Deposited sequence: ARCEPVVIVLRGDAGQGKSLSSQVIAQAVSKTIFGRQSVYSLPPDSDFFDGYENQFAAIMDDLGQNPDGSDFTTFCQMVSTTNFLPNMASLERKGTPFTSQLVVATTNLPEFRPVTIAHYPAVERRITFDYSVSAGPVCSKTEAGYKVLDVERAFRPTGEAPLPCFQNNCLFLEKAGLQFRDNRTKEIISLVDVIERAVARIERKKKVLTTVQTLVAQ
C-alpha cells in the first residue's frame, strides 16, 4: 500500500471542478492502467459500496459535510496503512481526486494531510470559454467541447478548449504557475510513473 497521488481541485461553482475531476481520473487511469477505472465516492454515505479497487477515486466537495465524515474518510484514503471501507474490501487506489469550495483548508490536523496532497489546483474558466449565466462568470460548456483537431494525448478522442488553458485554467497553488487540464494530467502521470520506478527498484533490491 504505497501512498496515492492526490490532486485537490479548488474552485467556485460552474467552473468544471467535477467535470475535470472525472476527466482527470478517466484520462490518468486510462493512460497508465490502460482503461478507465474510476470510483466516485457517494455523497453522505460512509459506504464505499461500489468500490472494486478502481485505479482512481473521486471525492466531491471536501469541506462541505458539516460533521467531518469526509476529511476523515479522506485522511484514511491516503495513509500508507490499510483503510477498510464499510460494506471487507481493501483500499488500493493509486490516484485520489477531490474537489472543494474552500480557497484553503481549515476544518488542527489539516497540515498533517497537506503533505499527502500532491497537487493543489484552483480551477476557473479560461478567457475564451468564459460566459455569464444569471450574472455569474462560468465555463462556456458549449464552446469548450467543440472539437478542435487531433487529440493532444492518445487517451483523448480529439482536442477541444476544455483541454487548453484558453478554455479552462488550473492554477498551481504552490508554483503559482497556470497550466491546462492536459498539463494537470501529464504531471499526475509522470509522478505516478516515478512512484512506480522507485517501487520497482525497492522490490528488486533483495534477490529472489
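Visitor: Counting from 1 along the deposited sequence, which stretches lack C-alpha positions?
Guide: Unmodelled stretches, in sequence order: 1, 89-94, 115-117.
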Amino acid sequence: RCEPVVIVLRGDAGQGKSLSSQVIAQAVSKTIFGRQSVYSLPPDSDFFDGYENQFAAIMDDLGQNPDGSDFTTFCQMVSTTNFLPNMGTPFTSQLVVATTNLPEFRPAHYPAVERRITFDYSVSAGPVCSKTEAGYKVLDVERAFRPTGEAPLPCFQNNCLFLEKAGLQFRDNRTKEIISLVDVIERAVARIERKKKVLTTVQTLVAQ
From here on, numbers count along this sequence of modelled residues.
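Visitor: Tell me which of 97-105 and 134-142 has the higher mean C-alpha B-factor in the deposited entry.
Guide: The stretch with the larger average C-alpha B-factor is 97-105.
Visitor: Higher average CA B factor in the deposited record is what I'm after, so tell me if that's 36-44 or 175-183.
Guide: Per the PDB record, 36-44.
Visitor: Highest Cα B-factor in the PDB entry belongs to which of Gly167, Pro152, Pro147, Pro66?
Guide: Comparing C-alpha B-factors across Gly167, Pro152, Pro147, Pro66, the top value belongs to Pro66.
Visitor: Please place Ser122 in the lowest, middle or highest third of its chain by C-alpha B factor as given in the entry.
Guide: Answer is middle: the recorded C-alpha B-factor places it there.
Visitor: Select lowest, middle or highest to describe the third in which the CA B-factor of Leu62 falls within its chain in this entry.
Guide: Its C-alpha B-factor, which the entry lists for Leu62, ranks in the highest third among residues of this chain.
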